[PDB]
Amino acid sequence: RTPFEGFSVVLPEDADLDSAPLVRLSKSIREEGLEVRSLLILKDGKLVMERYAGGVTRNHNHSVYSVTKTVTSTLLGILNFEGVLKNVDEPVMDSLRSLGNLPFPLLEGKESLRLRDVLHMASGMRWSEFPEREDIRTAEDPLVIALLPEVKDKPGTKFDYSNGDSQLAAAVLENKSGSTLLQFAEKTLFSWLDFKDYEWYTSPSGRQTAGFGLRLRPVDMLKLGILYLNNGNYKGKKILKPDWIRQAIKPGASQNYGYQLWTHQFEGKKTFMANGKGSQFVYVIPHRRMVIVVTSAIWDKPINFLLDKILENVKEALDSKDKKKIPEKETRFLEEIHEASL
């Protein structure tokens, strides 16, 4: 029960959760052979489950893949809080021209793209049809790769899940901040939330990749969720404007995609999440004051499989009549968590 970087560590029952469905969840993960490295559940500010796999400890980091997109959006949010980024309708082109060193053929046809359009994965650049889309992972300059395609659909109208759009969003951040993604994060988000043992893929150009490449501790993923849960406040420090969060969670071109994050529902009520391939999640449930964090290596199932499983059992934990603290229940809980660790 020793507090962990601000967080009280408690039994599910201490936060009005039945531990039994959480034990069943953890057992089901094991016996279905699901490679879940971390599963953290926070409720009412208390860390009620902290499940690590064999070899994984509190201080290990994990590739978070598309969770990186949400971090990118958060950093733009911070620029908005600081007043530097006034308006999501400003053309991305203003930032591209200001950065410079970008040949005109990369810029041609992109004069209408708004920051909103790239945040929404709605640039109109058909990333899904761009044969060299994987080059953003290895090229000298990811921004150059992001600018190779032409704008074909009216910006803001067509959803196409794109690392290129994330990178164009990051260009706005670079121009307005004077810093790369990681540089700005270390001045702001990562400093303010006391992140530890993070790493972010840095291309030869010095630019980070906006859509992927960040590695984080699960506890740091949890803090990112807390920041949104508390409407842009972390431990009494204002970091995001409420208006920014409101816009960020509003569906754009896709009925379920805001500013580099997904909307969802739990108990019929609006929720939202960062997520990444292989089943990485930062899942925020405002009406229950909960954040759920997951890192995994599940490559043979869609990410909704693990998400739905977790949410089913969390619902059972909330609805259960059996919420009394009983030594037998503590032991089965602690023993299952131990087993998962082996």
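Start at 1 and count along the sequence shown; that's the residue number.
**Q** Would you determine, from the values in the PDB entry, which of 104-112 and 200-208 has the greater average C-alpha temperature factor?
**A** Comparing 200-208 with 104-112, the higher average CA B-factor belongs to 104-112.
**Q** When the Cα temperature factors in the entry are averaged, is it 304-312 or 49-57 that ends up higher?
**A** In the deposited entry, the stretch with the higher C-alpha B-factor mean is 49-57.
**Q** Out of 290, 273, 298, 40, which one has a C-alpha B factor higher than all the others in the entry?
**A** Largest recorded C-alpha B-factor: 298.
**Q** Quick one: which of 70, 279, 63, 26 has the biggest Cα B-factor according to the entry?
**A** Top of the list by C-alpha B-factor: 26.
**Q** Ranking every modelled residue in this chain by its Cα temperature factor as given in the entry, which third contains residue 183?
**A** CA B-factor rank for residue 183: middle third.
**Q** If you rank every modelled residue in this chain by C-alpha B factor, which third holds residue 155: lowest, middle or highest?
**A** As the PDB entry reports it, the C-alpha B-factor of residue 155 lands in the middle third of its chain.
**Q** Going by the CA temperature factor in the PDB record, which third of the chain does residue 87 belong to: lowest, middle or highest?
**A** Answer is highest: the recorded C-alpha B-factor places it there.
**Q** Going by the recorded CA B-factors, say which third of the chain residue 36 sits in, lowest, middle or highest.
**A** For residue 36, the deposited C-alpha B-factor lands in the highest third.
**Q** Mind checking which third residue 236 falls in for C-alpha B-factor across the chain?
**A** It falls in the top third of the chain.
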